[PDB]
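Read through the structure below, which is laid out as structure tokens, and then see the notes.
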Amino acid sequence: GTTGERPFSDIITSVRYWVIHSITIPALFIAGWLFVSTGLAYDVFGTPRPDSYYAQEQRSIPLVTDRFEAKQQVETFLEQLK
Amino acid sequence: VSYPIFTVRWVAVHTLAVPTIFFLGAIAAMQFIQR
Amino acid sequence: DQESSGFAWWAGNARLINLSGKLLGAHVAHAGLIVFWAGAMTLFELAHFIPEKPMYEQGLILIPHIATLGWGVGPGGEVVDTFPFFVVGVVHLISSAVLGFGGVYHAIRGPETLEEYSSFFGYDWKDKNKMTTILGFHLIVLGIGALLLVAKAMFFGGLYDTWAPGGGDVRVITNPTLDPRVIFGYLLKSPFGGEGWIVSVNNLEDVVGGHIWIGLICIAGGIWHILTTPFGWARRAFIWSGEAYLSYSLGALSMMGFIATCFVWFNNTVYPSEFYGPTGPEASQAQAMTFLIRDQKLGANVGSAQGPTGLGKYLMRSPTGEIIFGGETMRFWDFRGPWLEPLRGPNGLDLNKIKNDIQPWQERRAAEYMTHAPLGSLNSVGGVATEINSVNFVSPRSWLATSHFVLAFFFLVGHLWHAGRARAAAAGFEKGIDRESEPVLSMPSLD
Amino acid sequence: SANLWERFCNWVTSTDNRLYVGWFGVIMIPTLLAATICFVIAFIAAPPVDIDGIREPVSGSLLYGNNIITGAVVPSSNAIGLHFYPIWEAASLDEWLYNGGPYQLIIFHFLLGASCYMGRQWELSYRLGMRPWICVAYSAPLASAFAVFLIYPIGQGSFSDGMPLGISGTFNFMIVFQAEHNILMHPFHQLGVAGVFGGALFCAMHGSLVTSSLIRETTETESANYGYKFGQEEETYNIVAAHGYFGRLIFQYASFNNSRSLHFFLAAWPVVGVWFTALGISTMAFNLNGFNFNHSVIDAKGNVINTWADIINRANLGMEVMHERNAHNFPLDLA
Amino acid sequence: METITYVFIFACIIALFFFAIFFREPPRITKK
Amino acid sequence: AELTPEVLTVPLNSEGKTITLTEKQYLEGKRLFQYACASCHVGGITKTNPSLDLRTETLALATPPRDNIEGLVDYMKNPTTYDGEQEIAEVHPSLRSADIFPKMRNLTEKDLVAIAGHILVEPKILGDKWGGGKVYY
Amino acid sequence: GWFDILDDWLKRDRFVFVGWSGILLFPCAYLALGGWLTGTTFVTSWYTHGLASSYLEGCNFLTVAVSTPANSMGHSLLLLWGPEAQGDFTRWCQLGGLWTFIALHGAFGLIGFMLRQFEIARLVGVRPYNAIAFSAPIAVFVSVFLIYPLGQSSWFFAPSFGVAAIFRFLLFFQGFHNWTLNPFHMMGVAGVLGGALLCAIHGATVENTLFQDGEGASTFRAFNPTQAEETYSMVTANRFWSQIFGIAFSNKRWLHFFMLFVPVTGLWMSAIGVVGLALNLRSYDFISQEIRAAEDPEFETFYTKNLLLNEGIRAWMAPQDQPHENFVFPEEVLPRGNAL
Ligand code: CLA
Ligand code: CLA
Ligand code: CLA
Ligand code: CLA
Ligand code: CLA
Ligand code: CLA
Ligand SMILES: CC1=C(/C=C/C(C)=C/C=C/C(C)=C/C=C/C=C(C)/C=C/C=C(C)/C=C/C2=C(C)CCCC2(C)C)C(C)(C)CCC1
Ligand SMILES: CC1=C(\C=C/C(C)=C/C=C/C(C)=C/C=C/C=C(C)/C=C/C=C(C)/C=C/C2=C(C)CCCC2(C)C)C(C)(C)CCC1
Ligand SMILES: [Cl-]
Ligand SMILES: [Fe+2]
């Protein structure tokens with residue numbers, strides 16, 4: 001009924017844990033928040049910002065139409081201020 | 001007993017715990033984006 | 001006092017089956033939550049309520065209940081004074097504290113049992129007399145209540161009658177149908193299409209009238225039980241225990257829950273389309289009305305118009321010969337309503353009235369109700385599942401009807417569950433088959 | 001004679017009957033025999049039914065050009081709506097078969113009997129000294145038949161809108177439903193498939209775990225099943241070896257060791273899940289449909305940016321726009 | 001021809017049903 | 001890809017003169033359009049008479065012209081048929097009939113201008129979608 | 001020897017058993033789950049399906065998804081460092097590289113997991129019927145997320161990882177393959193539906209046929225974790241069903257094997273059906289029906305009705321569901337009933 005690991009119950013209760021995690025947990029949180037709020041995430045994943053789906057006039061979709069020259073084709077889609 | 005700290009369980013627990021919160025923080029921020 | 005050596009934690013409230021005192025705290029604390037809600041919700045509704053806008057378009061379900069009783073409204077369901085709403089809301093909210101007090105008290109301070117701290121209030125589940133008597137008390141309290149309505153309608157103001165001669169308005173009922181042949185007639189009515197049983201009540205006289213009968217009949221039975229004990233069969237038929245009694249009341253609520261679902265969905269009278277939304281059939285009828293009205297203005301002869309199937313674009317016949325609206329709307333030819341009745345003749349929709357007696361207030365009524373059918377999504381997007389976002393709306397009739405079917409259902413399960421346990425509890429095996437004396441093992445093999 | 005009726009009641013209730021005809025049985029057995037006999041005759045020889053009340057008969061019987069997969073018993077006419085249509089309400093049988101009379105005779109008798117079947121599933125449990133609640137598990141599949149055969153029609157205003165009695169006829173009920181209610185996007189349905197998927201999953205879970213941890217008592221060339229005798233005292237499998245394996249598959253505390261807690265879960269999961277699915281059809285019977293995220297995410301200018309939710313809407317429109325070809329005369333489908 | 005085939009199999013399943021319920025192998029206890 | 005003031009420039013009157021709405025008026029219009037129109041005019045169509053939509057072109061060939069702020073505003077006060085040879089304020093929401101259509105009571109000249117502006121700006125953004133029905137959803 | 005020491009360490013009984021299998025399982029399984037959770041919130045499907053598919057864009061738990069790659073990609077494995085993405089990460093994301101990532105990784109993760117079962121079983125010394133059973137879910141994943149699109153034009157027609165993105169996969173199969181009319185799919189449901197019955201029925205049968213081994217009502221505590229007597233009356237259960245249903249078990253060993261068979265056989269059948277749908281070898285129509293429907297305009301079955309529903313699904317969905325085809329269907333060509 002047991003193995004080496006220190007019974008979670010004890011840890012989730014140890015004042016030491018919280019003294020550690022009261023810092024660690026919110027840290028990660030504020031980090032991820034900034035990841036989004038600084039617009040970094042948008043560039044890490046090429047995800048369009050609310051004003052970057054179409055060009056002002058165009059109403060067509062930037063559909064990638066060929067595998068090998070896709071990356072090149074994608075780059076050109078960003079060109080038309082999309 | 002004299003339990004250790006850094007264990008395999010610990011590793012596992014964190015591979016899921018750490019990213020999660022990082023995401024929950026990210027998502028929570030998204031709730032304010034607009035147009 | 002009570003812990004795991006009673007019942008399991010998740011079955012905690014069953015540890016109170018034999019602690020009259022504390023089991024009273026529960027019921028008094030609980031009854032507070034209901035009053036609390038009713039009150040706190042009314043104020044929430046009013047806080048958002050916009051006078052110059054339909055109630056059904058604001059997610060209200062309590063303010064329209066008050067409106068029906070003739071309070072804060074006038075001609076055509078026009079909201080006059082929002083004070084009665086505020087009052088009913090605050091009053092309840094207060095009484096919730098009073099009850100809540102008693103609840104908390106009886107469950108953590110006062111006697112844990114009653115039998116000794118007063119033999120009048122203390123009780124024994126198997127005490128067929130105490131039971132029939134307490135039941136008798138409540139049968140009276142409910143009976144007075146039924147009359148509390150009859151009073152408001154006949155003396156203190158009236159109720160909202162949508163069928164009002166001059167058009168929907170608060171009217172004082174001073175002629176309750178008391179004729180038993182009529183009153184109890186409803187109970188002998190079919191529950192299918194047309195003859196609709198109880199939900200077919202279509203005028204306040206019967207409503208008020210019927211309530212007079214119930215009020216009396218109820219208190220009558222309230223006294224009878226005070227002054228009696230269950231007979232012979234009554235005893236050799238039922239199971240007498242704390243659970244068994246619960247169960248009986250569970251199936252009872254269940255049944256009333258289903259009846260309520262159909263009332264708010266079908267009934268026009270006690271649930272005014274002016275405060276709630278238009279009924280399901282009423283809206284589909286309204287579409288036929290609207291377009292029969294439109295195209296007729298474009299020069300079309302509604303009477304002889306032939307639709308794709310050769311059935312009658314605008315007007316057709318029901319299975320029994322009556323002239324009704326055409327289209328898929330042929331299924332709702334049992335719909336009756338203030339706005340539509342003046343067009344009906346002795347044979348159903350009259351081609352002459354339809355041809356030149358349609359009034360403007362009806363055209364826009366039909367338009368209104370057509371564009372407010374009880375169709376919507378969970379996230380509150382009015383229309384068909386394929387509609388676009390814009391009109392945030394879901395008919396109160398839809399909310400009520402669904403919520404109450406779920407509740408009604410689970411209660412029927414609750415019934416089964418508590419009834420099945422009571423029968424096993426009584427006879428005594430609700431905890432397992434006796435390893436030693438295993439009943440099945442004493443029965444011949446059918447093989 | 002100890003008293004005829006006294007005896008009668010002793011026979012009916014007798015637990016020595018091959019099949020326990022109970023008190024509920026006295027209503028069940030006749031109602032179920034009417035339903036089945038009428039069904040079988042209908043499905044084989046019944047003539048075309050004007051389901052949509054628009055004089056456009058749909059033949060769903062074998063002898064009239066159907067096979068098992070397509071054939072069905074067609075719902076009563078829409079002209080009839082929710083009206084009661086017993087044989088004695090028709091000028092003739094010819095009229096009764098044309099307006100889908102058999103359907104009502106079937107659904108009503110079945111639902112009736114299938115309810116008593118539950119009532120019986122209690123009675124015998126009582127007469128045998130075993131705990132009740134088995135019938136409460138059967139309350140879920142029943143509550144569905146009810147939802148699909150009665151609640152939805154009451155709600156929609158006609159029995160012609162109830163699920164047909166046939167394979168393909170059922171697929172029709174689904175495809176159309178989805179179009180008008182977008183059920184896949186409704187919480188109750190999702191919980192339903194969770195219960196059903198889960199059920200099958202757990203059914204496989206238990207099934208395997210147990211059969212795999214059986215105590216050896218059989219030869220190498222002898223059916224491992226024989227290692228069990230009907231009416232055993234001790235268990236036939238090592239529930240401690242079972243838990244030992246499964247506990248290592250995931251992790252100890254995420255594994256059952258209490259057969260009673262295991263079997264409760266085993267029953268609780270599907271029944272609860274199906275209960276919600278039944279409440280889904282019964283709720284969407286009053287037009288409280290699934291989530292409508294059509295044109296939700298829109299860009300900075302106002303353009304509509306589609307999601308998979310929109311692609312679903314197109315598929316739905318196709319069904320909407322094509323179902324019941326000649327039955328609609330007006331813009332909005334409010335029935 | 002097809003109708004006959006469908007009804008036959010059906011009639012065969014019902015026949016099975018009967019035999020399965022009323023002509024099973026009696027379920028014997030302990031000494032089996 | 002944004003709602004530039006270039007897009008919020010819609011014809012004010014019949015004589016070519018234009019007006020430029022602001023992101024505040026637009027949203028406000030859009031909100032008001034939902035409050036008193038969506039009910040029957042969701043997505044530029046007309047549920048209780050599908051033959052007449054809010055397409056700018058449709059409003060252009062109307063009589064009088066209703067394809068400008070001035071036009072639509074007048075309409076919201078005294079509505080007429082497509083040929084204008086008949087007033088329909090009795091079965092259509094309007095200012096001169098707010099007693100009959102309460103939703104129109106609050107509505108002030110400020111509100112009317114926004115709603116009107118919304119009707120002319122939507123097709124500019126959505127295009128074909130605005131006019132057509134389920135076909136374009 | 002180091003090997004036996006490497007072994008020793010791995011097969012050590014921890015909280016979360018690692019094992020040899022783990023060297024394959026955990027890396028993949030985590031990457032699969034991770035990639036989804038990543039895409040679900042950050043990556044878009046604009047350049048791939050002209051669709052917003054992540055929280056970052058406004059999608060909710062239902063509308064979010066990791067959409068398939070373009071149809072242009074074909075059956076390309078789409079490696080981060082392959083001819084398409086060219087080592088670039090952002091591009092990879094925009095070309096739906098995360099799909100083949102999740103797919104292929106998760107695929108191996110299911111191999112590892114079954115291996116685990118096999119490995120852990122051996123150690124604990126129990127029979128591997130937990131492994132046999134798990135073959136069913138593999139077959140499904142393999143046939144649907146791999147074999148199927150491998151028969152079509154590209155990965156684009158494989159089910160996209162997401163809630164809503166799966167509902168269209170369902171609707172598609174109806175509209176295009178008339179999948180519900182397929183004998184194998186039916187067997188499929190018969191197994192899952194019938195399997196979810198055995199689950200429920202057996203559970204309830206046990207809880208309500210229990211012996212009394214305690215004095216409490218909550219009979220849960222009353223259980224002997226250390227075998228001995230049967231905790232429920234198998235003899236009573238038999239008689240119960242034998243009188244209410246007419247048929248009843250009477251060999252727990254068989255009753256339990258049956259519970260493995262039913263849902264596992266079901267899923268296997270449903271797989272074969274799809275393996276045929278890959279080549280489009282569907283069970284779309286009944287020829288005898290169509291021929292009579294052609295010559296005779298008054299013949300109507302619930303089958304004919306359905307096919308019309310399919311026609312509508314195909315015509316109204318195809319445009320925005322298959323962008324690479326640049327479909328343009330004039331309003332007048334769009335099939336529609338009356339009024340609607
Ligand atoms: C479910 C309702 C209910 C019931 C059945 C009881 C019952 C009981 N309470 Mg009690 N109680 C309740 C609600 C209830 N309480 C509430 C809501 C509160 C909070 C205010 C309290 C606060 C309370 C206290 C503080 C105490 C009790 C006590 C007691 C017990 C002694 C009886 C007594 O107090 O006589 C009181 C005398 C009466 C018979 C006169 C009551 C008449 C009132 C004024 C009129 C009520 C009007 C009514 C609402 C309308 C009905 C009329 C209609 C039929 C026409 C008794 C078991 C006492 C106890 O613990 O002793 C063991 C005690 O100390 N209760
Ligand atoms: C008249 C109403 C009523 C009453 C008075 C009781 C009373 C009782 N029931 Mg009960 N029951 C009812 C209706 C009622 N039931 C219904 C309708 C059902 C069908 C579902 C059941 C099903 C039921 C079962 C299955 C059992 C009882 C049991 C019991 C007894 C122990 C109570 C207990 O378990 O508390 C403990 C209460 C809980 C642990 C809380 C459950 C929480 C619910 C399920 C969630 C509700 C969802 C909620 C609305 C969402 C909120 C959102 C949330 C995030 C905040 C007690 C005598 C138990 C008993 O031992 O049998 C005699 C028992 O096993 N009941
Ligand atoms: C309808 C809601 C409800 C009610 C009224 C009760 C009532 C009661 N439960 Mg209970 N119970 C409920 C839901 C409810 N339960 C649910 C959902 C569960 C499952 C989680 C349980 C599980 C449960 C168990 C396991 C047990 C009880 C017990 C009891 C009884 C003793 C109370 C107690 O132990 O005090 C404990 C006192 C406290 C720790 C203080 C609690 C704070 C108070 C009560 C709330 C104050 C309300 C408000 C904030 C203040 C208003 C003041 C204002 C009026 C001035 C009591 C009659 C016990 C029993 O059997 O009786 C002996 C018991 O063992 N219940
Ligand atoms: C049951 C009666 C009932 C009914 C018919 C309504 C009806 C309504 N309420 Mg409401 N309400 C109720 C009870 C009820 N309420 C209660 C008890 C509360 C106190 C919490 C509230 C609090 C409340 C608020 C605060 C508001 C409303 C609003 C509204 C309106 C908008 C509806 C809405 O948007 O739903 C959307 C809600 C859902 C989609 C949630 C569904 C929840 C289901 C029941 C959960 C089922 C899960 C299940 C229990 C899990 C158990 C299984 C597990 C045990 C295994 C609507 C008229 C709103 C309004 O007035 O604005 C116009 C509003 O703001 N209500
Ligand atoms: C809701 C409150 C209530 C409750 C809980 C009870 C409870 C009880 N009453 Mg009762 N009673 C009440 C109100 C109430 N009464 C009222 C208001 C009156 C005045 C009319 C009476 C008059 C009364 C009398 C005269 C008697 C009782 C008796 C009894 C006891 C046995 C009843 C029984 O065996 O029924 C079971 C009844 C059956 C076996 C017949 C079933 C056939 C039903 C009625 C028809 C089918 C129901 C159907 C599903 C519903 C469809 C609606 C229908 C109209 C179409 C029982 C404790 C008896 C007793 O023991 O006296 C002390 C008794 O003689 N009561
Ligand atoms: C051990 C578990 C494991 C497994 C089985 C895989 C498997 C896979 N990963 Mg992977 N991955 C893992 C862990 C794992 N990963 C981890 C922990 C990470 C995080 C760092 C990643 C991160 C990752 C990314 C970022 C990507 C993959 C991808 C892939 C797939 C294609 C990669 C490939 O072509 O391999 C090639 C196979 C080998 C390199 C094995 C070689 C073994 C031989 C014996 C060594 C010989 C070396 C020698 C120099 C050769 C001499 C020959 C001479 C002629 C030159 C493949 C299914 C790609 C993919 O998903 O594309 C869709 C991809 O982009 N993985
Ligand atoms: C992609 C990729 C990768 C990976 C990464 C990773 C690995 C990640 C992870 C990630 C993760 C790992 C994430 C997670 C997340 C999570 C979340 C975000 C969650 C949330 C949750 C919630 C929200 C909950 C809810 C609930 C439920 C569900 C139940 C009921 C109750 C509650 C409400 C609580 C790499 C770099 C290798 C390479 C490239 C590719
Ligand atoms: C027993 C028990 C329990 C229960 C309890 C209960 C159920 C209670 C209740 C309670 C209650 C039932 C309470 C109440 C309260 C109330 C109050 C406290 C009131 C208040 C009021 C006021 C305050 C007024 C007024 C107003 C107005 C007029 C307007 C403005 C606003 C205001 C609001 C101010 C529990 C479960 C916990 C646990 C176990 C035990
Ligand atoms: Cl159809
Ligand atoms: Fe089992």
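A note on labels: chains of the structure tokens are A, B, ... as shown, every chain counts residues from 1, and ligands are counted from 1 in their shown order.
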
Compile a residue-level contact table for chain G against ligand 7 at a cut-off of 9 Å, reporting for every qualifying residue the shortest atom pair and its distance in Å to one decimal, with only C-alpha atoms and all ligand atoms counted, rows ordered by chain and ascending number, as JSON lines.
```
{"residue": "G:30", "atom": "CA", "partner": "ligand 7", "partner_atom_place_in_ligand_line": "7 (C)", "distance": 6.1}
{"residue": "G:31", "atom": "CA", "partner": "ligand 7", "partner_atom_place_in_ligand_line": "7 (C)", "distance": 5.0}
{"residue": "G:32", "atom": "CA", "partner": "ligand 7", "partner_atom_place_in_ligand_line": "7 (C)", "distance": 7.8}
{"residue": "G:33", "atom": "CA", "partner": "ligand 7", "partner_atom_place_in_ligand_line": "12 (C)", "distance": 6.7}
{"residue": "G:34", "atom": "CA", "partner": "ligand 7", "partner_atom_place_in_ligand_line": "9 (C)", "distance": 3.6}
{"residue": "G:35", "atom": "CA", "partner": "ligand 7", "partner_atom_place_in_ligand_line": "1 (C)", "distance": 3.6}
{"residue": "G:36", "atom": "CA", "partner": "ligand 7", "partner_atom_place_in_ligand_line": "1 (C)", "distance": 7.1}
{"residue": "G:37", "atom": "CA", "partner": "ligand 7", "partner_atom_place_in_ligand_line": "13 (C)", "distance": 4.9}
{"residue": "G:38", "atom": "CA", "partner": "ligand 7", "partner_atom_place_in_ligand_line": "1 (C)", "distance": 5.4}
{"residue": "G:39", "atom": "CA", "partner": "ligand 7", "partner_atom_place_in_ligand_line": "1 (C)", "distance": 7.2}
{"residue": "G:40", "atom": "CA", "partner": "ligand 7", "partner_atom_place_in_ligand_line": "18 (C)", "distance": 8.7}
{"residue": "G:41", "atom": "CA", "partner": "ligand 7", "partner_atom_place_in_ligand_line": "18 (C)", "distance": 7.7}
{"residue": "G:61", "atom": "CA", "partner": "ligand 7", "partner_atom_place_in_ligand_line": "23 (C)", "distance": 8.9}
{"residue": "G:80", "atom": "CA", "partner": "ligand 7", "partner_atom_place_in_ligand_line": "39 (C)", "distance": 8.5}
{"residue": "G:89", "atom": "CA", "partner": "ligand 7", "partner_atom_place_in_ligand_line": "39 (C)", "distance": 7.7}
{"residue": "G:93", "atom": "CA", "partner": "ligand 7", "partner_atom_place_in_ligand_line": "40 (C)", "distance": 8.6}
{"residue": "G:97", "atom": "CA", "partner": "ligand 7", "partner_atom_place_in_ligand_line": "40 (C)", "distance": 8.8}
{"residue": "G:98", "atom": "CA", "partner": "ligand 7", "partner_atom_place_in_ligand_line": "40 (C)", "distance": 6.7}
{"residue": "G:101", "atom": "CA", "partner": "ligand 7", "partner_atom_place_in_ligand_line": "40 (C)", "distance": 7.3}
{"residue": "G:102", "atom": "CA", "partner": "ligand 7", "partner_atom_place_in_ligand_line": "1 (C)", "distance": 8.4}
```

How about saving the chosen residues, C-alpha atoms kept, as a short mmCIF file (atom, residue, chain, number, x, y, z; two decimals), in the first residue's frame?
```
data_model
loop_
_atom_site.label_atom_id
_atom_site.label_comp_id
_atom_site.auth_asym_id
_atom_site.auth_seq_id
_atom_site.Cartn_x
_atom_site.Cartn_y
_atom_site.Cartn_z
CA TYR G 30 2.90 13.58 -23.29
CA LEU G 31 3.80 15.17 -26.63
CA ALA G 32 0.43 14.14 -28.08
CA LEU G 33 -1.56 15.55 -25.16
CA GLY G 34 0.76 18.56 -25.12
CA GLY G 35 0.52 19.40 -28.81
CA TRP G 36 -3.26 19.35 -28.63
CA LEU G 37 -3.38 21.57 -25.55
CA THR G 38 -0.92 23.82 -27.38
CA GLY G 39 -2.80 24.15 -30.67
CA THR G 40 -6.14 24.29 -28.85
CA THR G 41 -5.11 27.63 -27.31
CA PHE G 61 -13.75 24.50 -25.58
CA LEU G 80 9.20 20.23 -38.78
CA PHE G 89 8.45 26.32 -36.42
CA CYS G 93 2.22 25.52 -37.17
CA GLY G 97 2.20 20.41 -38.80
CA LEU G 98 0.74 20.01 -35.33
CA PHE G 101 2.54 15.64 -34.83
CA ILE G 102 -0.36 14.74 -32.53
#
```

Quiz item: Using only C-alpha atoms and all ligand atoms, which protein or nucleic acid residues are at most 10 Å from ligand 5, as number ranges by chain?
Solution: C: 128-129, 131-133, 135-136, 138-140, 142-143, 184-191, 197-198, 214-238, 245, 248-249, 252, 255

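Note that CA of residue 202 (chain G) and CA of residue 31 (chain D) are 27.4 Å apart.
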
Practice problem: Kindly work out which residues sit at most 8 Å from ligand 3, using only C-alpha atoms and all ligand atoms, and give the list as a PyMOL selection string. | Solution: chain C and resi 1-4+8-16+19+22-30+97-104+106-108+112

Exercise. Kindly provide, as a PyMOL selection string, all nucleotide and amino acid residues lying within 7 Å of ligand 10, counting only C-alpha atoms and all ligand atoms.
Key: (chain D and resi 206+263) or (chain G and resi 202-203+256)

Restrict the selected residues to C-alpha atoms and save them as an mmCIF file, in the first residue's frame.
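Writing done, so here's part.cif:
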```
data_model
loop_
_atom_site.group_PDB
_atom_site.id
_atom_site.type_symbol
_atom_site.label_atom_id
_atom_site.label_comp_id
_atom_site.auth_asym_id
_atom_site.auth_seq_id
_atom_site.Cartn_x
_atom_site.Cartn_y
_atom_site.Cartn_z
ATOM 1 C CA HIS D 206 -14.239 -4.959 -15.988
ATOM 2 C CA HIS D 263 -20.009 -2.478 -9.470
ATOM 3 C CA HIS G 202 -24.492 -6.273 -14.482
ATOM 4 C CA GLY G 203 -23.590 -3.464 -12.089
ATOM 5 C CA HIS G 256 -17.282 -11.602 -17.777
#
```
